[PDB]
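For reference, the structure is listed below as structure tokens.
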Amino acid sequence: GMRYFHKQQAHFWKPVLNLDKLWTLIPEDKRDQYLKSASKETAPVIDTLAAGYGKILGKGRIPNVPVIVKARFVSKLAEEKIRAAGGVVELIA
Amino acid sequence: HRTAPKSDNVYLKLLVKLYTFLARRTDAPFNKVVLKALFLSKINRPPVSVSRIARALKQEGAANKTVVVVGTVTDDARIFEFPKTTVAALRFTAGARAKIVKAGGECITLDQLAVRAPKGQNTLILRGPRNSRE
Amino acid sequence: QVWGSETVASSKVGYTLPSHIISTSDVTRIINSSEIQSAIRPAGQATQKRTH
Amino acid sequence: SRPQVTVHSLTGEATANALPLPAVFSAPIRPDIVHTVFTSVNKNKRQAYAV
Amino acid sequence: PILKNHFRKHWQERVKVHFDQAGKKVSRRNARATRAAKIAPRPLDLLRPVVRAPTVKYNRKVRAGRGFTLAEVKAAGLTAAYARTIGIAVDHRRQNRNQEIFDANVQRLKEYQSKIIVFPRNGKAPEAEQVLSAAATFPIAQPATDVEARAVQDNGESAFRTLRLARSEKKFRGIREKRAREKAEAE
Amino acid sequence: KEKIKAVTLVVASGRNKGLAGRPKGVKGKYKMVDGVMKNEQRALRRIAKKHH
RNA sequence: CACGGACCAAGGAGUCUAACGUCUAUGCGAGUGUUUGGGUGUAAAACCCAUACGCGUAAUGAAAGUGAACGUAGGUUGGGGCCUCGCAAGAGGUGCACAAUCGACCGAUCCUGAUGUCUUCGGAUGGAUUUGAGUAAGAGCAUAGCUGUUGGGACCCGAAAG
RNA sequence: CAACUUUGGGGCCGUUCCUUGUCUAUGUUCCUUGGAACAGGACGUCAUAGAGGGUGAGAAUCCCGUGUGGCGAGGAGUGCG
């Protein structure tokens, strides 16, 4: 396509994450209690950026347990699925 | 039609000695199939995920049979629930092993299987996929 | 401590012990289970006789 | 249980204290894997030979 | 398939084969040791600051940087010329543009000045029984960005609309700026 | 840049053989032969015929 | 036909490697890889290790980008093996892997064009086919081995030359 | 303008580095062979010394060294007591 000379491949780190895995980020001792205890006001929060995952993709389905995610980039369906399970997304840069 | 496998894992060879015993004697089809399966190579003994076990358990009239995978067993992070079953294979990943015991079920080796169900009784076999390879 | 157990894992980062693929080394115990001997269709002889 | 072991003195006797095993001893025996490792380790104290 | 050698050239001369590895390691460990016996009570390494790294692929991280700044160390209450002797790096061509980092660095410096004893130039020089790494003693940890548990709050935009619309107006502001120019240049 | 641009054959048997110099028989050109060249050039005549 | 061979000893010719590929063995498994390197030591060994990084778990398009479940992860057929009945022989239910077939989803292409809008932006919803090595509940990482491809001096000796 | 703070320059002995010296245990007992014992057999000893070498053949224990330590001389330049 159109060229931009000395292109340096760091704009394009976009490690994807599907909605499937998404509790391996959480350690087990937290994971089971937060697998139960599906209230609001203990909303287990997730830093995909800290785990090294840039953008969310949706392949999977998730329980209705509400969980908060931090990311930059999302797809529409994945966000809608989150809203259905009662978790919310908050965009960090 | 092969005679004896390519490795020298001694324990597997003892196991195969046993299954030769059964497929010589009893004439079930079951022992033949697992023995033939053990002679395969590693690609052709693919790994089977516990989600696939759960789909097979979700069969009609299938909750109380024992599943068999011949090969190696994986964990799968995707399912969250899992039933409480009696499961047999050669090699168990620890995550999946503990997943099963967390469900409450039992994980066994094939000597223990052959103790319990020699003839292939109340049993069924799975096999993982192969078409993911080019 | 150093090689793990059922109680205490390895003393080592991200390690478990191995596992067996067969519980018991000896097969002949298995074959002389009462249940398998009941389950078996009976033997040959291991010496065939010279016929013609 | 881990069945027991005896313990000995220097001069040697059945010291009355006894230990259980650590369950590595009930871990397997794979001589193919020992051997194919042992080649590869015993190779590693090697230094060059060239012309 | 396409497969690439670079072996067309006279490569056999210029081959460099690291058998030298443990011998070098031992030489090195001896360097460390005798540096210690030269510098006897000091740690073999300086105190180094905490810096948030560049290049958004990495910019979540934080790293053991080079040097505490003049502003930081001034607010700690002590000069470059003294700090460099006390064991403290200083990088002068750096600027402080995050107060969080600023207070982090100065907390690190205060913790240093608390954790030390300084033999003066006068004399008797008590026994001090050295420790051999500043950065181990004064670790450099990624902070807590968030508390583990929260309650949900929503505003109903759902953030895909925001991302799409932000990218769109980013694409179209300059053309909308040209239309604004045309609307301003009308009569 | 453009301006800058610019016989006596001998069957080599008997006495003449192994002489890395000249034989008795002198001329400014000279060419020693043994039978292996006859084999070689026979083979080359064959293969060039097969190349035509 | 032609070429080599007087006679004996000793020497002597598909090897070492780099990047890939298949097959197999082993480990481990949504992961995997300790060895650039730090500590440690009976010292080039052995043992332990964070933080990283690769390769993989997601493609698609030239890009901007966008990013995979209507379902019980689908329907039909076959489908080993199990289960039930059957003295059996046989029937029926289940039917993994796999194959075919029809669909669904993602991406690309064309049209449609909703709540709204710097009134030109956004892109709801539904259609049209053609396409991917996709998805459709993962399978790969590392090593060694037998090996093959190409380059390196390249199975060994040998060539007019600059 | 305001107060505060801090100063160094040698020689001597040890230490350090280098070079070097020197000292730092244990059978040469018996039997057989054979030219000879370092071989074989028996009984012993030492070990932080069984690494190597020699000596009339494979020598821990005949020797030199090694291992662990210590007593020195010469230089250097001060890392500090």
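Each chain in the structure tokens gets a letter, A, B, ..., in the order shown, and its residues are numbered from 1; ligands are numbered from 1 in order too.
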
Q.
Among chain F, which ones does DSSP assign to strand (DSSP E or B) (computed from the backbone)? Answer as a PyMOL selection string.
A. chain F and resi 9-11+31-33

Could you please take those selected residues and save C-alpha atoms as a PDB file, in the first residue's frame?
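Produced file selection19.pdb, reproduced below:
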ATOM      1  CA  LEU F   9      52.025 -34.550 -30.707  1.00  0.00           C
ATOM      2  CA  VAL F  10      53.944 -37.271 -28.919  1.00  0.00           C
ATOM      3  CA  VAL F  11      52.732 -40.633 -27.782  1.00  0.00           C
ATOM      4  CA  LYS F  31      51.820 -32.194 -26.477  1.00  0.00           C
ATOM      5  CA  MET F  32      52.308 -35.412 -24.566  1.00  0.00           C
ATOM      6  CA  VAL F  33      49.667 -38.143 -24.742  1.00  0.00           C
TER       7      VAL F  33
END

Q: For region 75-83 of chain G, work out the shell of residues within 7 Å, counting only C-alpha atoms (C1' of nucleotides) and skipping chain neighbours fewer than 5 positions away, then give it as a PyMOL selection string.
A: chain B and resi 30+122-125

Just N, CA and C atoms for this one: save the residues we selected as a short mmCIF file (atom, residue, chain, number, x, y, z; two decimals), in the first residue's frame.
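out.cif written:
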data_model
loop_
_atom_site.label_atom_id
_atom_site.label_comp_id
_atom_site.auth_asym_id
_atom_site.auth_seq_id
_atom_site.Cartn_x
_atom_site.Cartn_y
_atom_site.Cartn_z
N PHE B 30 -12.88 -54.68 22.41
CA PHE B 30 -12.39 -53.52 23.14
C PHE B 30 -10.88 -53.56 23.30
N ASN B 122 -19.48 -51.35 30.20
CA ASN B 122 -20.02 -50.07 30.69
C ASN B 122 -19.09 -48.93 30.33
N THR B 123 -18.46 -49.06 29.18
CA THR B 123 -17.30 -48.27 28.81
C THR B 123 -17.51 -47.62 27.46
N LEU B 124 -16.66 -46.65 27.18
CA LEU B 124 -16.53 -46.19 25.81
C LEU B 124 -15.20 -45.53 25.60
N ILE B 125 -14.83 -45.37 24.34
CA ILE B 125 -13.53 -44.89 23.91
C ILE B 125 -13.73 -43.60 23.16
#

Q. Leaving out residue 21 (chain C) and any residue of its chain fewer than 6 positions from it, which residues lie within 12 Å of it when counting only C-alpha atoms (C1' of nucleotides), given as a PyMOL selection string?
A. (chain B and resi 9-15+70-72+88-93+107-113) or (chain D and resi 27-30)

Could the residues in this selection be written to a file with C-alpha atoms, as an mmCIF file, in the first residue's frame?
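Final output, selection28.cif:
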data_model
loop_
_atom_site.group_PDB
_atom_site.id
_atom_site.type_symbol
_atom_site.label_atom_id
_atom_site.label_comp_id
_atom_site.auth_asym_id
_atom_site.auth_seq_id
_atom_site.Cartn_x
_atom_site.Cartn_y
_atom_site.Cartn_z
ATOM 1 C CA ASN B 9 9.001 -47.462 27.769
ATOM 2 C CA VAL B 10 8.982 -50.554 29.894
ATOM 3 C CA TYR B 11 5.798 -49.782 31.710
ATOM 4 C CA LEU B 12 3.876 -49.376 28.525
ATOM 5 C CA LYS B 13 5.362 -52.637 27.407
ATOM 6 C CA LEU B 14 4.042 -54.395 30.486
ATOM 7 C CA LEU B 15 0.693 -52.888 29.789
ATOM 8 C CA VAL B 70 -6.187 -44.019 25.397
ATOM 9 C CA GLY B 71 -3.604 -41.321 25.132
ATOM 10 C CA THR B 72 -2.846 -38.219 27.071
ATOM 11 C CA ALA B 88 -8.850 -43.723 32.520
ATOM 12 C CA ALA B 89 -5.917 -42.953 30.289
ATOM 13 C CA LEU B 90 -2.176 -43.289 30.181
ATOM 14 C CA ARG B 91 -0.982 -39.817 31.040
ATOM 15 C CA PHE B 92 -2.800 -37.103 32.914
ATOM 16 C CA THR B 93 -1.942 -33.481 32.977
ATOM 17 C CA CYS B 107 -8.688 -40.733 37.582
ATOM 18 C CA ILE B 108 -7.123 -44.109 36.946
ATOM 19 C CA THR B 109 -4.504 -45.998 35.042
ATOM 20 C CA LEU B 110 -5.259 -48.771 32.646
ATOM 21 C CA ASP B 111 -4.161 -51.543 34.925
ATOM 22 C CA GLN B 112 -6.883 -50.253 37.214
ATOM 23 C CA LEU B 113 -9.254 -50.110 34.290
ATOM 24 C CA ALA D 27 8.350 -42.570 41.572
ATOM 25 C CA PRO D 28 8.991 -44.432 38.371
ATOM 26 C CA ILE D 29 11.968 -45.984 36.726
ATOM 27 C CA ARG D 30 12.551 -45.133 33.052
#

Non-local contacts of residue 52 (chain A) (12 Å; only C-alpha atoms (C1' of nucleotides); under 3 positions in same chain excluded) as an mmCIF file with N, CA, C and O atoms, in the first residue's frame:
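Contents of the output file part10.cif:
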data_model
loop_
_atom_site.group_PDB
_atom_site.id
_atom_site.type_symbol
_atom_site.label_atom_id
_atom_site.label_comp_id
_atom_site.auth_asym_id
_atom_site.auth_seq_id
_atom_site.Cartn_x
_atom_site.Cartn_y
_atom_site.Cartn_z
ATOM 1 N N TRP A 13 1.707 -3.932 18.104
ATOM 2 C CA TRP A 13 1.579 -4.921 19.157
ATOM 3 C C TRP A 13 0.142 -4.941 19.610
ATOM 4 O O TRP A 13 -0.306 -4.043 20.325
ATOM 5 N N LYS A 14 -0.563 -5.953 19.203
ATOM 6 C CA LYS A 14 -1.969 -6.081 19.462
ATOM 7 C C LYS A 14 -2.182 -7.536 19.815
ATOM 8 O O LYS A 14 -2.827 -8.283 19.078
ATOM 9 N N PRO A 15 -1.619 -7.985 20.923
ATOM 10 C CA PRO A 15 -1.860 -9.345 21.329
ATOM 11 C C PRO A 15 -3.291 -9.474 21.748
ATOM 12 O O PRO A 15 -3.776 -8.769 22.631
ATOM 13 N N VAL A 16 -3.938 -10.333 21.069
ATOM 14 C CA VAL A 16 -5.333 -10.607 21.246
ATOM 15 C C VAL A 16 -5.556 -11.470 22.468
ATOM 16 O O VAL A 16 -4.690 -12.214 22.921
ATOM 17 N N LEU A 17 -6.769 -11.385 22.966
ATOM 18 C CA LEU A 17 -7.278 -12.286 23.980
ATOM 19 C C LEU A 17 -8.719 -12.581 23.616
ATOM 20 O O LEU A 17 -9.503 -11.663 23.357
ATOM 21 N N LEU A 25 -5.962 -15.489 34.114
ATOM 22 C CA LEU A 25 -5.366 -14.262 34.604
ATOM 23 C C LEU A 25 -5.492 -14.187 36.097
ATOM 24 O O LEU A 25 -4.593 -13.697 36.786
ATOM 25 N N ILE A 46 -9.515 -6.919 36.195
ATOM 26 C CA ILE A 46 -8.589 -7.596 35.303
ATOM 27 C C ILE A 46 -7.794 -6.557 34.529
ATOM 28 O O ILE A 46 -8.374 -5.675 33.882
ATOM 29 N N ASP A 47 -6.473 -6.716 34.539
ATOM 30 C CA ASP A 47 -5.548 -5.897 33.772
ATOM 31 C C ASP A 47 -4.947 -6.780 32.687
ATOM 32 O O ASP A 47 -3.912 -7.435 32.862
ATOM 33 N N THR A 48 -5.580 -6.712 31.529
ATOM 34 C CA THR A 48 -5.066 -7.411 30.366
ATOM 35 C C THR A 48 -3.745 -6.841 29.929
ATOM 36 O O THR A 48 -2.893 -7.568 29.414
ATOM 37 N N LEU A 49 -3.582 -5.541 30.094
ATOM 38 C CA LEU A 49 -2.348 -4.901 29.711
ATOM 39 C C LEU A 49 -1.216 -5.414 30.565
ATOM 40 O O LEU A 49 -0.149 -5.755 30.054
ATOM 41 N N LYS A 55 -5.862 -6.313 23.186
ATOM 42 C CA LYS A 55 -7.212 -6.159 22.677
ATOM 43 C C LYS A 55 -7.959 -7.417 23.018
ATOM 44 O O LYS A 55 -7.366 -8.493 23.113
ATOM 45 N N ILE A 56 -9.253 -7.266 23.187
ATOM 46 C CA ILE A 56 -10.152 -8.371 23.418
ATOM 47 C C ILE A 56 -10.775 -8.729 22.094
ATOM 48 O O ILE A 56 -11.098 -7.855 21.284
ATOM 49 N N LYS A 70 -9.906 -4.228 32.076
ATOM 50 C CA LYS A 70 -9.195 -3.030 31.693
ATOM 51 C C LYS A 70 -8.423 -3.327 30.431
ATOM 52 O O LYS A 70 -7.707 -4.328 30.354
ATOM 53 N N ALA A 71 -8.617 -2.486 29.430
ATOM 54 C CA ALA A 71 -8.005 -2.691 28.139
ATOM 55 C C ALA A 71 -8.042 -1.399 27.376
ATOM 56 O O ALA A 71 -8.523 -0.374 27.858
ATOM 57 N N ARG A 72 -7.545 -1.492 26.160
ATOM 58 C CA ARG A 72 -7.616 -0.418 25.203
ATOM 59 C C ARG A 72 -8.690 -0.680 24.186
ATOM 60 O O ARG A 72 -9.528 0.182 23.911
ATOM 61 N N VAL E 56 4.737 1.945 23.974
ATOM 62 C CA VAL E 56 3.518 1.480 24.622
ATOM 63 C C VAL E 56 3.339 -0.024 24.734
ATOM 64 O O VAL E 56 2.637 -0.507 25.622
ATOM 65 N N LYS E 57 3.921 -0.752 23.800
ATOM 66 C CA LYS E 57 4.250 -2.159 23.975
ATOM 67 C C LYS E 57 4.807 -2.477 25.356
ATOM 68 O O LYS E 57 4.465 -3.508 25.941
ATOM 69 N N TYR E 58 5.651 -1.600 25.886
ATOM 70 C CA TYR E 58 6.309 -1.769 27.155
ATOM 71 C C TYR E 58 5.920 -0.752 28.203
ATOM 72 O O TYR E 58 6.271 -0.948 29.363
ATOM 73 N N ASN E 59 5.169 0.290 27.873
ATOM 74 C CA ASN E 59 5.123 1.436 28.770
ATOM 75 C C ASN E 59 4.371 1.193 30.059
ATOM 76 O O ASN E 59 4.373 2.057 30.931
ATOM 77 N N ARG E 60 3.699 0.073 30.178
ATOM 78 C CA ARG E 60 3.197 -0.392 31.448
ATOM 79 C C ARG E 60 4.291 -0.753 32.436
ATOM 80 O O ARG E 60 4.044 -0.722 33.641
ATOM 81 N N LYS E 61 5.473 -1.097 31.971
ATOM 82 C CA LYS E 61 6.506 -1.607 32.850
ATOM 83 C C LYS E 61 7.112 -0.482 33.648
ATOM 84 O O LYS E 61 6.778 0.685 33.479
#

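Any residue of chain A with an atom no more than 8 Å from chain B counts as a contact; using only C-alpha atoms, that gives residues 20, 21 and 24 of chain A.
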
Q: Check every residue of chain A for an atom within 9 Å of chain E, counting only C-alpha atoms, and provide those that qualify as an MDAnalysis selection string.
A: chainID A and resid 10:14 39:47 49:50 52 54 66:68 72:76 79:80 83 86:91

Q) Which neighbours of residue 38 (chain C) fall inside 12 Å, counting only C-alpha atoms (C1' of nucleotides), when residues of the same chain fewer than 4 positions from it are skipped, and could you give them as a VMD selection string? A) (chain B and resid 26 115 118 to 119) or (chain C and resid 31 to 34 42)

(Q) Quick check: residues of chain E within 12 Å of chain D, only C-alpha atoms, returned as number ranges by chain. (A) E: 17-20, 22
